[PDB]
Amino acid sequence: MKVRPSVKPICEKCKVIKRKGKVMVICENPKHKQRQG
Amino acid sequence: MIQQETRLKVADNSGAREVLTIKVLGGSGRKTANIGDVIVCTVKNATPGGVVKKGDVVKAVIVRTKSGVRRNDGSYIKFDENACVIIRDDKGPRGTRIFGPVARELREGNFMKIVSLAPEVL
Amino acid sequence: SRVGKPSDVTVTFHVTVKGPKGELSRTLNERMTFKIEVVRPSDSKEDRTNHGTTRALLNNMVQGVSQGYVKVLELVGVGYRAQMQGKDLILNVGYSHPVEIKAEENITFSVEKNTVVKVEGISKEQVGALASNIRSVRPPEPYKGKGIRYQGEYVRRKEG
Amino acid sequence: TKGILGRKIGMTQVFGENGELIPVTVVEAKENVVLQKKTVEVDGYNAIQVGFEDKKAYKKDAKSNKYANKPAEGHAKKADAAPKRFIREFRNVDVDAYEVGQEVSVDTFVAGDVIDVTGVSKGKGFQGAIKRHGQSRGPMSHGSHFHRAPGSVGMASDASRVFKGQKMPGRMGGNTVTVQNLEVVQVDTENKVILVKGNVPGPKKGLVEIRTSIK
RNA sequence: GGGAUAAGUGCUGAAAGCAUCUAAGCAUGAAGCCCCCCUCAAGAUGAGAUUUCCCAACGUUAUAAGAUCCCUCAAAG
RNA sequence: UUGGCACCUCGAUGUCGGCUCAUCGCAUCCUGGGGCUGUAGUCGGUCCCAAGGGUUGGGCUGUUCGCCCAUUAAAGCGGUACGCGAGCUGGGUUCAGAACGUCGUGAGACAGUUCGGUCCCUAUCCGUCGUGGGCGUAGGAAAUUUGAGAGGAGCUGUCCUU
RNA sequence: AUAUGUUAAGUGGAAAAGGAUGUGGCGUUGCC
Ligand SMILES: CC[C@H]1OC(=O)[C@@](C)(F)C(=O)[C@H](C)[C@@H](O[C@@H]2O[C@H](C)C[C@H](N(C)C)[C@H]2O)[C@](C)(OC)C[C@@H](C)C(=O)[C@H](C)[C@H]2N(CCCCn3cc(-c4cccc(N)c4)nn3)C(=O)O[C@]12C
Ligand SMILES: [K+]
Ligand SMILES: [Mg+2]
Ligand SMILES: [Mg+2]
Ligand SMILES: [Mg+2]
Ligand SMILES: [Mg+2]
Ligand SMILES: [Mg+2]
Ligand SMILES: [Mg+2]
Ligand SMILES: [Mg+2]
Ligand SMILES: [Mg+2]
Ligand SMILES: [Mg+2]
Ligand SMILES: [Mg+2]
Ligand SMILES: [Mg+2]
Ligand SMILES: [Mg+2]
Ligand SMILES: [Mg+2]
Ligand SMILES: [Mg+2]
Ligand SMILES: [Mg+2]
Ligand SMILES: [Mg+2]
Ligand SMILES: [Zn+2]
């Protein structure tokens, strides 16, 4: 998990979602898992 | 009842004669050590030709104390002096002989070589 | 909703089926009527979202009452075993203690070779939860694949 | 569970199996009687009231607690027992296994039973922070004028006050204390004595309450 | 040890035909939160409960149950 | 923190370090939970949650700091008048003596140094720790109690077995 | 209180670069 103010897709498979009022990026690549914070 | 700066006779032939206690091992804030406990010490007095020399920082196991120890049967044993034995990491004595009586609690401490070499185990 | 817009089962509306493989009742959203077929009132955002999810839940109820659901887990690794201790499952997955997963109502366990476990039930959510717990007992590890994985799930493998 | 009242007699020792020395406290628990049964329906909770150490009957012009007053005498007669010196409630036990007026014998406990013992610790009067709170002394030499004082009691302008709970001199001891997970060493039906491993609160002759251990 | 949670992990699931831990639902998950353990506690003026004891006449006098004064004391001070 | 400003205090708001006693924050040192890893394992790196508890004994120096010795699960960083002198000390620092270097014609002086050098106060109020008396609690009284609420406690090592 | 709409953050009831399928209103265009 990368916790960062700037969350954005890192490849074409990254998907931007919103969970519990937080902007996240989920991906097949676990390294690309991101949460805003 | 051995604490920092307590001086101890050495009850072996490793070269050290008197040591000064640097630290009582076995946890933060530990103040006192007794028979079977391990101390870090410095050799203040040595005999010529010994393996252990004056100024060395070594580890020793306490083998008799003036405070003595209490056994579960309500009996006690006390000695006339505080004496220790210089040891290696393997708990084996650095010297090849042990002088004077040692307490039987060393056996529970697993200092079996020291117990074997002691002339009397009480 | 494109998702939002039966058989001899009851479908007797809250809903409560009486199909072959059990009843499987629930409540469903309280602002959506049915004629079956659900209908979306007021066309709002929440209305459309709830219409879609209610239709999905109803289809799931029908499928489970008719032909049930089955999730399959496989254990990978030398010595890994899954026994059926009566009704419950017992897992030997490399721990110092066997793991006891207790069976539940409208849910049945099966084991093949004491390696491939199967969970069967009327309720899709309950079957999924049971399978997820059996997986969570010891999930797959990326270096050798050892663990209780889903039968048709891809495992990402890393080198040494 | 189980409960009894007694007087602390004193400390002694015994030799256990394999000869180990077991320090023990002798408790004399004679004359224990169930005086009342409190229930949820009437009292709102389940408990048994136990009286201990019979006292003298009521007499006119009694001047001390040695003689029962009329309220206490009526309370005891309702149980058909002599008036008792000490009365305590036990909530841990099961009230359906006792009758009003029945004796609670030392044979209630058995050797090896794990118990909690409650009692009033020994009083010590007015004591300072060194003994009462176990604080450090100041230096005893090197010009020091600070030996057994409690030290600083707060901070500066913030907060301009001493906080509640500051440790200061005051009366020490005489507090209810429960020692947990002691063991019953021996029960002696004659002499009505229980031997408790270890030591318990209070002076000799002080009242102690023995209960089955909560943990 | 019990309950509820954090970061997490999910199941079912639409908006968005798919995907998605979430939007509605359903789980799980910390030495931490609330209890569990110990002590004080009804001036808790919201002043609670139980058992037992006592019962008068003309503010006054004498009293009940019950306390004290005074005296011998210590486990208390 | 070093500063900038000069708004409270010059009919006085005692300055550094230490001792005693703490208390709070979390940007967490340890312990608990978790994601990623260029995570094989044992170890690590990094980020997230988490303030319950814990978090050392010496050599040198007035020291704070820092270095070192030996430990420890760990030896966290900060706030509280750089917490705390009507609680203590008084080594240092604004005092009278004296000396060195240096500057000054001199009296004397110091990005300096050196030896010596008086620490007052019987607690009124609030606050805090204990301990009594009065009245109230719709009769009076003895004993046993419920628990609204409050306080306490909360750490962790090593070894064997698997 | 009245009418119309916006917000779901207790935003309202203290802040930035920057990040984001949060949600309302104008639109310009590509495909059908
Ligand atoms: C020991 C008693 C003296 O206290 C002190 O000396 C101290 C320890 F209390 C002291 O020094 C206080 C603390 C001083 O006050 C500080 O002054 C600073 C400038 C400021 C500070 N604050 C405001 C920041 C003030 O608190 C000062 C000036 O005293 C000199 C206070 C003033 C009011 C003052 O002069 C008073 C009157 C001072 N004094 C002159 C002593 C003069 C010196 N002396 C004489 C004697 C003596 C005489 C006769 C016989 C014997 N055996 C001894 N002992 N000591 C006395 O005769 O008595 C006291 C109270
Ligand atoms: K009351
Ligand atoms: Mg970036
Ligand atoms: Mg000290
Ligand atoms: Mg003195
Ligand atoms: Mg400033
Ligand atoms: Mg100006
Ligand atoms: Mg001034
Ligand atoms: Mg003034
Ligand atoms: Mg944090
Ligand atoms: Mg020296
Ligand atoms: Mg200060
Ligand atoms: Mg002060
Ligand atoms: Mg001069
Ligand atoms: Mg000159
Ligand atoms: Mg001198
Ligand atoms: Mg409470
Ligand atoms: Mg706000
Ligand atoms: Zn990606």
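All values below come from the heavy atoms of this structure, side chains included, with hydrogens, waters and symmetry mates left out. Per chain, numbering begins at 1; letters A, B, ... match sequence-line order.
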Below 3.5 Å, does any donor atom in the side chain of [X] face an acceptor in the base of [N], or the other way round?
X	N	value
B/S28	F/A75	yes
C/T49	E/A14	no
C/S96	F/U162	yes
A/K31	F/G38	yes

(message) Assess the residue pair D/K38 and D/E89 against the criterion (salt bridge (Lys or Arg N to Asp or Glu O under 4.0 Å)); give the C-alpha distance rounded to whole Å, side-chain angles, the decisive distance to 0.1 Å, and a yes or no.
(response) CA-CA 9 Å; D/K38 301 207 164 153; D/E89 275 184 33; 2.5 Å; yes
Does [X] make a side-chain N or O approach to OP1 or OP2 of [N] shorter than 4.0 Å?
X	N	result
D/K205	E/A76	no
A/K33	E/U9	yes
C/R2	E/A14	no
A/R19	E/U22	yes
B/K23	F/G57	no
D/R91	F/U146	yes
D/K124	E/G77	no
D/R161	F/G127	no
D/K70	E/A65	no

(request) Calculate, to the nearest 0.5 Å, the distance between atoms CD and SG belonging to A/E28 and A/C11 respectively. (result) 8.5 Å
(message) I need the C/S123 OG to C/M61 CE distance, nearest 0.5 Å.
(response) 9.5 Å
Base-pairing assignment for [N] (Watson-Crick or G-U wobble, both under 3.5 Å):
N	result
F/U122	none
F/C26	F/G76
F/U145	E/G48

[X] [atom1] - [N] [atom2] separation (whole Å):
X	N	atom1	atom2	value
B/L25	F/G58	CG	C1'	15 Å
D/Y45	E/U51	OH	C1'	10 Å
A/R35	F/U46	CZ	P	19 Å

WC/wobble flag for [N] and [M], Watson-Crick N1-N3 plus second contact under 3.5 Å:
N	M	answer
F/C135	E/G43	yes
E/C26	E/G10	yes
F/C95	F/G52	no

(message) For the P atoms, the ones on E/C35 and on F/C160, what distance do you get once it is rounded to whole angstrom?
(response) 42 Å
(request) Return the nearest nucleotide to the side chain of D/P71; candidates are E/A65, F/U37, F/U71. (result) E/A65
(message) By the rule that syn is within 90° of 0, classify the base conformation of E/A31 as syn or anti.
(response) syn
(request) For the pair D/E53 and D/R7, find out whether any cationic side-chain nitrogen is under 4.0 Å from an anionic carboxylate oxygen. (result) yes
(request) Determine, for B/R30 against B/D37, whether the closest basic-nitrogen to carboxylate-oxygen distance falls under 4.0 angstrom. (result) yes
(message) For A/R4, is the CZ atom crowded, meaning more than 12 foreign heavy atoms sit under 6.0 Å from it?
(response) yes
